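Residue numbers for the sequence shown follow the authors' numbering, beginning at 885 and rising by one.
No residue lacks a Cβ here, since even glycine has one placed at the ideal position from N, Cα and C.
Structure first, then comments.
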Amino acid sequence: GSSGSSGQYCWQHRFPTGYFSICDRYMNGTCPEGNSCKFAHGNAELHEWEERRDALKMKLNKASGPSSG
Ligand SMILES: [Zn+2]
């Protein structure tokens with residue numbers, strides 16, 4: 885209604901350490917890590933993560949190196 889109908893998004897969660905998957909522990913019920921976890925904590929959360937990280941690439945690039953062990 886007010887403050888913009890569509891111009892209002894509420895997505896504030898942890899940052900995706902860098903992984904793009906769901907946390908089995910969290911999905912099961914409880915997770916050991918918690919906030920400093922590398923996995924996602926809820927289908928919804930993941931969605932946001934994919935973005936949060938997609939923001940870094942704004943300046944970062946893929947071509948970095950082989951890093952073959
Ligand atoms: Zn976790």
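- Judged by the Cβ position, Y893 fails to qualify as a neighbour of ligand 1 at the 7 Å threshold, every heavy atom of the ligand being at least this far.
- Closest in C-alpha terms to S905, from the list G926, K943, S951, comes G926.
- Taken from the Cβ of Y910, at least one heavy atom of ligand 1 lies inside 7 Å.
- Going by DSSP, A947 is part of no alpha helix (DSSP H) at all; its letter is neither H nor E.
- Not a single heavy atom of ligand 1 lies less than 7 Å from the C-beta of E929.
- DSSP places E934 inside the alpha helix (DSSP H), whose first and last residues are 927-940.
- Per the Cβ contact rule, the segment 907-927 is not in contact with the segment 942-953 (fewer than 3 Cβ pairs under 8 Å).
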